[PDB]
*Asks:* 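This is the structure I have questions about; it appears just below.
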Amino acid sequence: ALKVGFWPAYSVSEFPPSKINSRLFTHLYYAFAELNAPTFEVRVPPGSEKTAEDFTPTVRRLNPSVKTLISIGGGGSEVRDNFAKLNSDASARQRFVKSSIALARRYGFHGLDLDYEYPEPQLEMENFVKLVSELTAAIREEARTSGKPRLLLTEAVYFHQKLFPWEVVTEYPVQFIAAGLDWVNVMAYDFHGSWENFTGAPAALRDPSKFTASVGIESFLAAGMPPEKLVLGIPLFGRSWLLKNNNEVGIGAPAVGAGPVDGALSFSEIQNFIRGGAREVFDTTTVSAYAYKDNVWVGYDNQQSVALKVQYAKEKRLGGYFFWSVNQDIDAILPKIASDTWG
Ligand SMILES: CC(=O)N[C@H]1[C@H](O[C@H]2[C@@H](O)[C@@H](NC(C)=O)[C@H](O[C@H]3[C@H](O)[C@H]4N=C(N(C)C)O[C@H]4[C@@H]3CO)O[C@@H]2CO)O[C@H](CO)[C@@H](O)[C@H]1O
């Protein structure tokens with residue numbers, strides 16, 4: 001059972017790695033190493049070398065069995081642009097592969113992760129295939145020469161197997177992925193947010209809508225992905241809106257922009273929101289929660305919806321679950337219920 005957490009280096013001042021409850025995880029990811037175009041000598045952001053080095057020893061002090069991976073990239077457009085430039089250039093791909101493996105060993109990580117959002121259109125999938133095939137081979141070669149177990153290799157994927165389900169330009173090659181990677185982290189959230197002028201469940205497990213975690217998972221399984229290669233993503237943040245009218249507070253209510261903070265609110269801040277007078281509602285239709293006060297509305301996962309999602313993952317025979325990102329639940333409320341549920 002994979003119990004995965006992502007720790008983002010940006011959060012180091014307020015949430016250093018020592019604050020992670022690593023007893024609740026099997027694998028903890030450092031986010032992110034940078035691609036470092038144009039050389040593509042992959043590296044942690046200069047100035048964070050000590051934080052990167054200390055990450056794994058620190059988290060293992062509370063749970064020595066926990067393993068770590070370093071994630072390369074991130075969800076931004078600059079990262080996507082850099083992957084697209086990288087993957088078209090065979091020499092650059094070689095530099096990336098060599099440097100990424102050396103990076104993981106340098107800092108004591110047990111694996112590598114690619115966060116490329118997303119390998120589309122078709123040309124970009126084709127070139128990403130070249131990168132990942134070369135990386136898989138180099139990982140196996142390094143295990144042979146070094147004598148150590150091979151580095152784990154994972155990647156972030158869109159919630160759905162098709163890019164995109166409403167207009168298919170390419171799709172994740174599941175047999176390829178299952179052969180070359182240990183698992184994929186399915187980003188089964190961010191379906192709805194302040195970019196829409198109505199409230200919704202940002203990470204709905206299901207809906208009687210096609211943008212749901214279950215529909216996405218179904219698509220990977222239908223394509224032939226071994227269930228154990230799928231790790232279900234669960235957010236530790238909510239998406240927030242400003243309401244058009246304070247007496248329209250349910251799902252589908254009209255909205256007029258992003259709520260705090262610029263449309264995203266950590267679970268810990270949502271707990272504060274509720275303690276400060278917001279009303280929490282569990283929505284059984286979507287398997288999600290929302291909370292509102294005056295003109296602010298936030299959709300998120302709570303103790304009930306997380307337990308239901310984790311049991312869903314168990315019933316669908318998935319490899320496990322992941323949380324993005326662990327700094328957003330400072331008391332580790334949701335990681336605790338998730339771990340208890342799978343156990
Ligand atoms: C470089 C930069 O923009 N730094 C920002 C920093 O950006 C963060 C946040 O915007 C994250 N958002 C939330 C709601 O947590 C964002 O998370 C993305 C991530 O990139 C993707 N990768 C995954 N994986 C599971 C691998 O999930 C997604 C998530 C969720 O959509 O990540 C970016 C950096 O990539 O934000 C901080 C604080 O706002 C800011 O100070 C600055 O450092």
Side-chain angles (χ1 to χ4, degrees), residues 2-16 25 27-37 43-48 51 68-77 79-83 100 109 111-119 128 152-160 172 181-195 202-204 211 213 216 230-241 258-270 298-301 309 313 318-330 334-335 338:
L2 300 165
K3 305 181 169 168
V4 177
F6 286 82
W7 179 77
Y10 79 71
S11 74
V12 70
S13 297
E14 69 270 17
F15 200 84
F25 298 96
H27 298 78
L28 285 163
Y29 285 58
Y30 181 106
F32 296 100
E34 61 184 39
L35 279 65
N36 187 28
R43 64 181 187 182
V44 295
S48 70
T51 296
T68 61
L69 295 81
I70 183 154
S71 184
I72 301 161
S77 69
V79 169
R80 186 205 52 206
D81 296 347
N82 284 340
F83 268 114
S100 63
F109 289 95
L112 290 169
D113 177 67
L114 305 176
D115 185 14
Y116 176 19
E117 305 181 25
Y118 306 92
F128 189 45
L152 300 167
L153 182 62
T154 67
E155 79 184 28
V157 298
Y158 191 57
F159 90 102
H160 203 283
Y172 291 99
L181 279 65
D182 295 283
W183 69 87
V184 298
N185 295 312
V186 181
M187 291 181 295
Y189 48 72
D190 283 339
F191 304 137
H192 302 291
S194 54
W195 58 88
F211 291 79
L230 299 171
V231 171
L232 180 67
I234 304 172
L236 292 175
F237 65 93
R239 292 280 170 199
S240 64
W241 285 259
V261 173
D262 195 22
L265 205 58
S266 69
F267 183 73
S268 297
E269 289 302 342
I270 293 162
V298 61
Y300 59 102
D301 277 294
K309 284 186 173 181
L318 307 187
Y321 57 84
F322 83 77
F323 285 111
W324 177 279
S325 58
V326 297
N327 66 121
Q328 297 167 329
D329 186 348
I330 65 176
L334 302 180

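Position 1 is the first residue of the sequence; numbering continues from there. Atoms considered below: every heavy atom in the structure, side chains included; atoms not considered: hydrogens, waters and symmetry mates. In each ligand, atom 1 is the first atom listed, and ligand 1 is the first ligand listed.
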*Asks:* For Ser71, is at least one N or O under 3.5 Å away from an N or O on ligand 1?
*Replies:* no
*Asks:* Could you tell me which atoms of ligand 1, counted from 1 in the order shown, lie closer than 4.0 angstrom to a heavy atom of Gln328?
*Replies:*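 Every atom of ligand 1 under 4.0 Å from some heavy atom of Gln328: 13 (C), 15 (O).
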*Asks:* State which residue, out of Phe267, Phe237, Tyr29, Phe32, fulfils the ring-ring contact (aromatic ring centres under 6.0 Å, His included) condition with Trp324.
*Replies:*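 The residue from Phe267, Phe237, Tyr29, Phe32 that satisfies ring-ring contact (aromatic ring centres under 6.0 Å, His included) with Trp324 turns out to be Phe32.
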*Asks:* Start with the C-alpha gap between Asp182 and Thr154, add the side-chain angles, then the distance that decides, and say whether side-chain hydrogen bond (donor to acceptor under 3.5 Å, both in side chains) holds.
*Replies:* CA-CA 6 Å; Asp182 295 283; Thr154 67; over 6 Å; no
*Asks:* Answer yes or no: does an N/O atom from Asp190 fall short of 3.5 Å to an N/O atom of ligand 1?
*Replies:* yes
*Asks:* Side chains of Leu152 and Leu112: closer than 4.5 Å at any heavy-atom pair?
*Replies:*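 A side-chain contact under 4.5 Å is absent here.
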*Asks:* For ligand 1, which atoms have a heavy atom of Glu117 less than 4.0 angstrom away?
*Replies:*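 Contacts of ligand 1 toward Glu117, numbered from 1: 21 (C), 22 (N), 23 (C), 28 (C).
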*Asks:* Counting only heavy atoms, tell me which of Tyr29, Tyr189, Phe6 gets closest to atom 27 (O) of ligand 1.
*Replies:* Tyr189
*Asks:* So, is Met187 polar-close to ligand 1, with some N/O to N/O distance under 3.5 Å?
*Replies:* no
*Asks:* Show me which atoms of ligand 1 lie under 4.0 Å from any heavy atom of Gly75.
*Replies:* 20 (O), 35 (O)
*Asks:* Using the ring-ring contact (aromatic ring centres under 6.0 Å, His included) definition, which of the options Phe322, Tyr30, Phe323 pairs with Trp7?
*Replies:* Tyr30
*Asks:* Taking only heavy atoms of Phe322 into account, list the atoms of ligand 1 that are under 4.0 Å away from them.
*Replies:* 25 (C)
*Asks:* Tell me, do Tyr321 and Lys3 make a side-chain contact under 4.5 Å, heavy atoms counted?
*Replies:* yes
*Asks:* Inspect the contact between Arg80 and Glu117 and indicate whether a charged nitrogen and a carboxylate oxygen are less than 4.0 angstrom apart.
*Replies:* no
